[PDB]
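Next up is one chain by itself, shown in structure tokens, the form deposited in one PDB entry.
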């Protein structure tokens, strides 16, 4: 196995593809192409790079981090010559020489073979929007294992993501211009993060294939495959407040800064803040067990009945930071119901926070 490639043509693939063999990358030279594969047994990334210089076929595995670090450590645009020599992989560029340990390509694990059952193509930016809108609301390491990921749902002509930690919920729906079967799957949280970072911000379309227990995403030279979480996800429809009758609109940043200052004097563990809404005015209060107290008053747009409501300010600040927009809509019912929060200029993403009695 032999190949010579420019440093930069390896770095992006290396970043994407990054028991001992799990710490190695599979390298394969075949039919004019170097393939690089990383895996943790749950998910796998394959990156292809065209070989324009002379090369010789073959396959091995090499320590991922050390190989990455050597390549990154070489000078910008350096030529990197790689060949197998015995049980070692030789790396040479200029007068820099490296000899790395190998493990047999035969020992590199494959994900189980599977069949694609639902497929669609969408712009990368659309998938990025869907994931970014909801990612922060996934659970991390909850005993409810099915919350440690993101629901991907197809319905009519749209793709939807849902994330919840069992306390707050995020949902985002986007039309993708293709007739889809009604379907939903759970992508493990590590898989969501890996998928997100494979999206490079460019013009390559994204092709998604979903099987019974797997998902695959293809963008340009990269192919990501993950197991799905085998479980049942909560129904977001039952979480959204039914027909909320009271709408407040305010500048996102003004609202966020008011909440952020109030949060300083909220309970450190439970983070409860109170809202008092009246004609075109919002008052936010916070207090803590040391009996310190914050109050914020700001102009908003509101004409409904006067009401009060408490919430976890961390959850609300999470929403406002995710929204990054000009204006926000808080959809209210009463002191004993959840709130729905949206970009005032878009119904694509919605966020639900539970009420607190303070």
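Heads up, when I say rigid core I mean the largest set of C-alphas that superpose within 1.5 Å between the two forms. Residue numbers count along the first chain shown, from 1.
Omitted from view is the form deposited in another entry, to which the following refers.
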item: Sole member of 307, 49, 59, 70 with a C-alpha shift of at least 2 Å between the shown form and the other one (core-superposed); value: 307
item: Core-superposed C-alpha of residue 142 shifting 2 Å or more between the shown form and the other one; value: no
item: Rigid core fit then residue 268 CA moved by 2 Å or more between the shown form and the other one; value: yes
